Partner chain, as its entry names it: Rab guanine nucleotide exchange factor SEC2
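Starting off, we have a lone chain in the form solved without its partner chain, written out as structure tokens.
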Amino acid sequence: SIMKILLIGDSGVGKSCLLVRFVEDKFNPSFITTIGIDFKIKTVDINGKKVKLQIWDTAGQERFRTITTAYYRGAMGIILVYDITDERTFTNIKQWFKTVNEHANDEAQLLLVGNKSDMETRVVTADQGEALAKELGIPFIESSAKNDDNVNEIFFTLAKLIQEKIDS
């Protein structure tokens, strides 16, 4: 069938790069901010089952974040992304979390992603992210759209979680 998935998080954390790296195996070194929202798709196989993922890449910019909250309701999966080199984007996850609860479904599967694990300039530790994840009650994973680490895992695991949910 089809799974609607959203990527949310501060502007600059790498939502678009994780998406491009996953769907087109490329990486843009430049910063090309997302206006309002973007939409892509890819077919994944969940234990034999071929599932279509409709990925909604949202704008992190504050002004374009009203267009987004409207897409929350109806999403089967929501990926909250922060930048491990930017402490502010991590602290902001809590606010993103609240926004999600006010607009998402009940059965929506969340996932926290600490992106840019390839950077020596990291300021947010893996343990910090795991701790935030345990406190929010959602799964956690670190990634790097640049070196392509755990990028596919992000989407495959979220799909599997949603699918497991579909069986109940």
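Residue numbers count along the first chain shown, from 1.
What comes next is about the form deposited with its partner chain bound, which does not appear here.
Practice task
Can you work out whether its partner chain is within 4.5 angstroms of a heavy atom in all three of 28, 65 and 70 in the deposited complex?
Solution key: Checking in the deposited complex: 28, 65 and 70 are all within 4.5 Å of its partner chain.
Practice task
Give a yes or no for residue 34: in the deposited complex, does one of its heavy atoms lie within 4.5 Å of a heavy atom belonging to its partner chain?
Solution key: Heavy-atom contact with its partner chain at 4.5 Å: present for residue 34.
Practice task
Please run the contact check for residue 4 against its partner chain in the deposited complex: heavy atoms, 4.5 angstroms, yes or no?
Solution key: Yes, residue 4 sits close enough to its partner chain in the deposited complex that at least one of its heavy atoms falls within 4.5 Å.
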